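Trainee: Just passing along the structure, written as structure tokens.
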Amino acid sequence: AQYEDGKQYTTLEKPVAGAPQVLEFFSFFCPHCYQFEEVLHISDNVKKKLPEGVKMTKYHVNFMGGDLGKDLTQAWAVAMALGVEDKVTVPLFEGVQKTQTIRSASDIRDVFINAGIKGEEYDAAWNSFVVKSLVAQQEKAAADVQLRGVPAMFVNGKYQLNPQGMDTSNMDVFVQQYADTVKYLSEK
């Protein structure tokens with residue numbers, strides 16, 4: 001076939017019922033995740049090729065960056081709850097990996113402030129139980145699929161993208177193959 005199990009994707013031995021349609025995992029400490037966001041714009045190009053009626057989910061993970069890794073998962077929960085993902089994603093990535101100016105929760109907080117979220121609003125969110133359960137959601141989803149690496153994308157809780165098996169000669173060609181694979185898997 002043109003799309004083969006173990007080639008552009010793998011299949012989960014243990015499928016996850018009720019899972020989000022398109023589910024993406026990342027870490028702000030994850031170097032290919034930075035690329036996926038800043039250079040390749042994977043999430044965005046997948047969305048452009050997804051059928052409509054399809055919802056897209058992106059979660060942060062704890063297993064990179066120790067204590068700060070967990071702070072960042074809680075911050076991503078804040079970002080999701082306030083709907084400000086598109087204004088903090090870039091500065092968080094650059095704060096962690098480019099400038100290395102993110103070293104504490106207060107530094108994470110600064111990124112949101114500079115992006116225009118009010119201190120009061122940020123801290124209320126940070127401490128809220130809605131964010132607590134949002135953090136739980138992120139963890140559970142990762143636990144459901146035995147996740148030990150990022151970036152990762154799962155389709156309908158039973159297929160996992162396998163970017164290792166796609167040409168990387170051309171970044172643009174890589175992205176389309178990746179998105180076309182999500183679409184193929186989506187329709188499966």
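Order determines the names: the first chain of the structure tokens is A, the second B, and so forth; residues in each chain are numbered 1 upward, and ligands are numbered 1 upward as they are shown.
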Residues of range 62-84 of chain A that approach range 113-123 of chain A to 12 Å or less, counting only C-alpha atoms: could you list each one with the shortest pair of atoms and its distance in Å to one decimal, rows by chain and increasing residue number, as a Markdown table?
Mentor:
| residue | atom | partner | partner_atom | distance |
| --- | --- | --- | --- | --- |
| A:74 | CA | A:122 | CA | 11.4 |
| A:75 | CA | A:122 | CA | 9.2 |
| A:76 | CA | A:122 | CA | 11.5 |
| A:77 | CA | A:122 | CA | 11.0 |
| A:78 | CA | A:122 | CA | 7.3 |
| A:79 | CA | A:122 | CA | 9.0 |
| A:80 | CA | A:122 | CA | 11.8 |
| A:81 | CA | A:122 | CA | 10.2 |
| A:82 | CA | A:122 | CA | 8.6 |
| A:83 | CA | A:117 | CA | 10.6 |
| A:84 | CA | A:117 | CA | 8.4 |
Trainee: Check the DSSP output for the backbone and give back, as a PyMOL selection string, the residues of range 92-178 of chain A in helix (DSSP H, G or I).
Mentor: chain A and resi 92-98+105-114+119-127+129-144+163-165+171-178
Trainee: Go through range 46-103 of chain A residue by residue and, counting only C-alpha atoms, keep those with an atom at most 8 Å from range 137-150 of chain A; for each kept residue give the shortest atom pair and its distance in Å to one decimal, ordered by chain and increasing number, as a tab-separated table.
Mentor:
residue	atom	partner	partner_atom	distance
A:59	CA	A:138	CA	5.6
A:60	CA	A:138	CA	6.6
A:61	CA	A:139	CA	7.1
A:62	CA	A:139	CA	7.9
A:63	CA	A:148	CA	7.6
A:73	CA	A:138	CA	7.8
Trainee: Go ahead and write the residues just picked, N, CA, C and O atoms, as a compact mmCIF listing (two decimals), in the first residue's frame.
Mentor:
# COMPACT_ATOMS: atom_id res chain seq x y z
N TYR A 59 -1.73 18.96 24.03
CA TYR A 59 -1.38 18.86 25.45
C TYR A 59 0.14 18.90 25.74
O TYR A 59 0.95 18.37 24.97
N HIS A 60 0.51 19.52 26.87
CA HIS A 60 1.90 19.58 27.34
C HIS A 60 2.21 18.34 28.18
O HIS A 60 1.30 17.71 28.69
N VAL A 61 3.47 17.95 28.28
CA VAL A 61 3.82 16.77 29.08
C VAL A 61 4.81 17.11 30.20
O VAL A 61 5.56 18.09 30.11
N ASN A 62 4.82 16.26 31.23
CA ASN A 62 5.64 16.48 32.42
C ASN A 62 7.05 15.90 32.35
O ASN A 62 7.94 16.35 33.10
N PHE A 63 7.28 14.91 31.49
CA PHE A 63 8.49 14.12 31.63
C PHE A 63 9.78 14.79 31.11
O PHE A 63 10.84 14.17 31.14
N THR A 73 3.28 22.55 32.24
CA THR A 73 2.01 21.85 32.01
C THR A 73 0.87 22.60 32.71
O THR A 73 -0.21 22.78 32.14
Trainee: Closest to residue 102 in chain A among A:85, A:21, A:72, A:124, using only C-alpha atoms?
Mentor: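 When distances to residue 102 in chain A are compared using only C-alpha atoms, the smallest one comes from A:72.
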Trainee: Could you give me, as a Markdown table, a per-residue list for range 91-131 of chain A showing, wherever an atom lies at most 9 Å from an atom of range 32-44 of chain A, the closest pair of atoms and their distance in Å to one decimal, using only C-alpha atoms and sorting by chain then residue number from low to high?
Mentor:
| residue | atom | partner | partner_atom | distance |
| --- | --- | --- | --- | --- |
| A:93 | CA | A:34 | CA | 6.3 |
| A:94 | CA | A:34 | CA | 8.4 |
| A:97 | CA | A:34 | CA | 8.1 |
Trainee: Take the residues just selected and output them with N, CA and C atoms as a tab-separated table (two decimals), in the first residue's frame.
Mentor:
chain	number	residue	atom	x	y	z
A	93	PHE	N	8.29	28.90	24.03
A	93	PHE	CA	9.35	28.16	23.33
A	93	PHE	C	10.67	28.95	23.30
A	94	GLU	N	10.59	30.23	22.94
A	94	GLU	CA	11.83	30.99	22.83
A	94	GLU	C	12.41	31.29	24.20
A	97	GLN	N	14.01	27.68	25.11
A	97	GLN	CA	15.09	27.11	24.29
A	97	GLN	C	16.00	28.13	23.62
